Every structure is written in structure tokens, then in C-alpha cells.
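Heads up, the thing below is written out as C-alpha cells.
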Amino acid sequence: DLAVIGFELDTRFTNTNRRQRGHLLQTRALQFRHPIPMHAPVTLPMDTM
Amino acid sequence: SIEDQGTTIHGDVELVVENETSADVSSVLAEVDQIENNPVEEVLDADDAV
């Protein structure tokens, strides 16, 4: 029973009619936030008189 | 005057001699100016940024 039973083709449409749009590009932006903390003090005690 | 002085060690004393004393503080609070310029940090539109 040796015979060819089926096939597949590597066929493409030619998009003169732009039916297929393909991948999209869209511009976006991300924003990051870095607040600055206060840190513990250092003190130099000095005489009051 | 107390409005100009800053944390005086010996202190300051003033007498009110006014019949009335209005107080307009609309521009005093510093956060108001920050908001007026930028309610939120200014960010460029995504297309303008690239």
C-alpha cells in the first residue's frame, strides 16, 4: 500500500490587500518613585554658659 | 516682629493694638505652590518621551 496520501504547502498570501496587519508596536512608559528619607541625627553637646 | 523672627532663644513678646486682624494664608502653605505647579510629577507623553 505504499503511496503518497497527502501534502502540505508553504504557501503565503501576498498582501496587496492589507488583510493581515501582523504584530503591533505601541509606545509606553513606566515610572519609578524614590522618596528621600531623613536619617537619625548626630549631636555635639556643648556647654551652655 | 514675630513674623520675621526665627526661634528666638530669649523669646519675643508683642501686644495686639489692632481693632481687627485679617489673616490671608492662601499662599503660606508650601504644598499649595508644589501642587499649583505640578499636582503630580510632570511626565512626558509616551510618544513624546522617545
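Going by the C-alpha cells order, chains are called A, B, ..., each with residues numbered from 1, while ligands are numbered from 1 in the order shown.
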
Kindly provide, as a tab-separated table (two decimals) with N, CA and C atoms, in the first residue's frame, the residues of chain B having any atom no farther than 10 Å from an atom of chain A, counting only C-alpha atoms.
chain	number	residue	atom	x	y	z
B	41	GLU	N	3.99	64.68	39.62
B	41	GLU	CA	5.25	64.86	38.91
B	41	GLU	C	4.96	64.92	37.43
B	43	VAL	N	5.18	64.21	33.69
B	43	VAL	CA	5.69	63.08	32.93
B	43	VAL	C	5.35	63.32	31.47
B	44	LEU	N	6.31	63.09	30.58
B	44	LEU	CA	6.03	63.29	29.16
B	44	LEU	C	5.10	62.20	28.66
B	45	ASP	N	4.32	62.53	27.65
B	45	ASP	CA	3.55	61.52	26.95
B	45	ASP	C	4.49	60.47	26.37
B	46	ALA	N	4.00	59.23	26.30
B	46	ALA	CA	4.87	58.12	25.95
B	46	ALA	C	5.55	58.35	24.61
B	47	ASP	N	4.80	58.87	23.64
B	47	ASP	CA	5.37	59.15	22.33
B	47	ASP	C	6.35	60.32	22.38
B	48	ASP	N	6.11	61.27	23.27
B	48	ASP	CA	7.00	62.42	23.37
B	48	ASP	C	8.32	62.07	24.04
B	49	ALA	N	8.25	61.10	24.95
B	49	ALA	CA	9.45	60.64	25.65
B	49	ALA	C	10.48	59.94	24.78
B	50	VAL	N	10.04	59.25	23.74
B	50	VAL	CA	11.01	58.52	22.92
B	50	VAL	C	11.58	59.49	21.90

In chain B, DSSP alpha helix (DSSP H) residues written as number ranges by chain = B: 30-37, 46-49

Based on the selection just made, write N, CA, C and O atoms of those residues as a PDB file, in the first residue's frame.
ATOM      1  N   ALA B  30       3.270  75.681  51.871  1.00  0.00           N
ATOM      2  CA  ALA B  30       4.200  75.404  50.784  1.00  0.00           C
ATOM      3  C   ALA B  30       3.694  74.331  49.828  1.00  0.00           C
ATOM      4  O   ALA B  30       4.047  74.359  48.647  1.00  0.00           O
ATOM      5  N   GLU B  31       2.880  73.387  50.310  1.00  0.00           N
ATOM      6  CA  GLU B  31       2.370  72.340  49.430  1.00  0.00           C
ATOM      7  C   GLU B  31       1.479  72.914  48.335  1.00  0.00           C
ATOM      8  O   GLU B  31       1.338  72.307  47.272  1.00  0.00           O
ATOM      9  N   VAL B  32       0.869  74.076  48.580  1.00  0.00           N
ATOM     10  CA  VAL B  32      -0.015  74.674  47.588  1.00  0.00           C
ATOM     11  C   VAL B  32       0.762  75.057  46.333  1.00  0.00           C
ATOM     12  O   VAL B  32       0.308  74.838  45.208  1.00  0.00           O
ATOM     13  N   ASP B  33       1.957  75.629  46.516  1.00  0.00           N
ATOM     14  CA  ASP B  33       2.782  76.008  45.376  1.00  0.00           C
ATOM     15  C   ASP B  33       3.268  74.787  44.605  1.00  0.00           C
ATOM     16  O   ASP B  33       3.327  74.806  43.370  1.00  0.00           O
ATOM     17  N   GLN B  34       3.592  73.720  45.321  1.00  0.00           N
ATOM     18  CA  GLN B  34       4.038  72.498  44.670  1.00  0.00           C
ATOM     19  C   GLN B  34       2.905  71.921  43.844  1.00  0.00           C
ATOM     20  O   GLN B  34       3.115  71.466  42.720  1.00  0.00           O
ATOM     21  N   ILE B  35       1.698  71.934  44.394  1.00  0.00           N
ATOM     22  CA  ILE B  35       0.546  71.419  43.673  1.00  0.00           C
ATOM     23  C   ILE B  35       0.215  72.299  42.480  1.00  0.00           C
ATOM     24  O   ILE B  35      -0.038  71.795  41.387  1.00  0.00           O
ATOM     25  N   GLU B  36       0.226  73.610  42.679  1.00  0.00           N
ATOM     26  CA  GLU B  36      -0.116  74.521  41.592  1.00  0.00           C
ATOM     27  C   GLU B  36       0.778  74.305  40.381  1.00  0.00           C
ATOM     28  O   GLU B  36       0.307  74.319  39.248  1.00  0.00           O
ATOM     29  N   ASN B  37       2.068  74.103  40.618  1.00  0.00           N
ATOM     30  CA  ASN B  37       2.985  73.826  39.519  1.00  0.00           C
ATOM     31  C   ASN B  37       2.784  72.412  38.994  1.00  0.00           C
ATOM     32  O   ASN B  37       2.677  72.208  37.783  1.00  0.00           O
ATOM     33  N   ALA B  46       4.001  59.234  26.302  1.00  0.00           N
ATOM     34  CA  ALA B  46       4.872  58.119  25.955  1.00  0.00           C
ATOM     35  C   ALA B  46       5.552  58.351  24.612  1.00  0.00           C
ATOM     36  O   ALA B  46       6.747  58.078  24.452  1.00  0.00           O
ATOM     37  N   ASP B  47       4.802  58.874  23.643  1.00  0.00           N
ATOM     38  CA  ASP B  47       5.375  59.150  22.329  1.00  0.00           C
ATOM     39  C   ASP B  47       6.354  60.320  22.378  1.00  0.00           C
ATOM     40  O   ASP B  47       7.322  60.357  21.615  1.00  0.00           O
ATOM     41  N   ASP B  48       6.113  61.271  23.268  1.00  0.00           N
ATOM     42  CA  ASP B  48       7.000  62.425  23.368  1.00  0.00           C
ATOM     43  C   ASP B  48       8.317  62.072  24.044  1.00  0.00           C
ATOM     44  O   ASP B  48       9.347  62.682  23.759  1.00  0.00           O
ATOM     45  N   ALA B  49       8.255  61.100  24.950  1.00  0.00           N
ATOM     46  CA  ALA B  49       9.452  60.640  25.646  1.00  0.00           C
ATOM     47  C   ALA B  49      10.483  59.942  24.781  1.00  0.00           C
ATOM     48  O   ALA B  49      11.676  60.008  25.066  1.00  0.00           O
TER      49      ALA B  49
END

For the atom pair atom CA of residue 35 of chain A and atom CA of residue 28 of chain B, what is the interatomic distance in Å to one decimal place?
-> 23.8 Å

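Put simply, atom CA of residue 25 of chain B is 15.7 Å away from atom CA of residue 4 of chain B.
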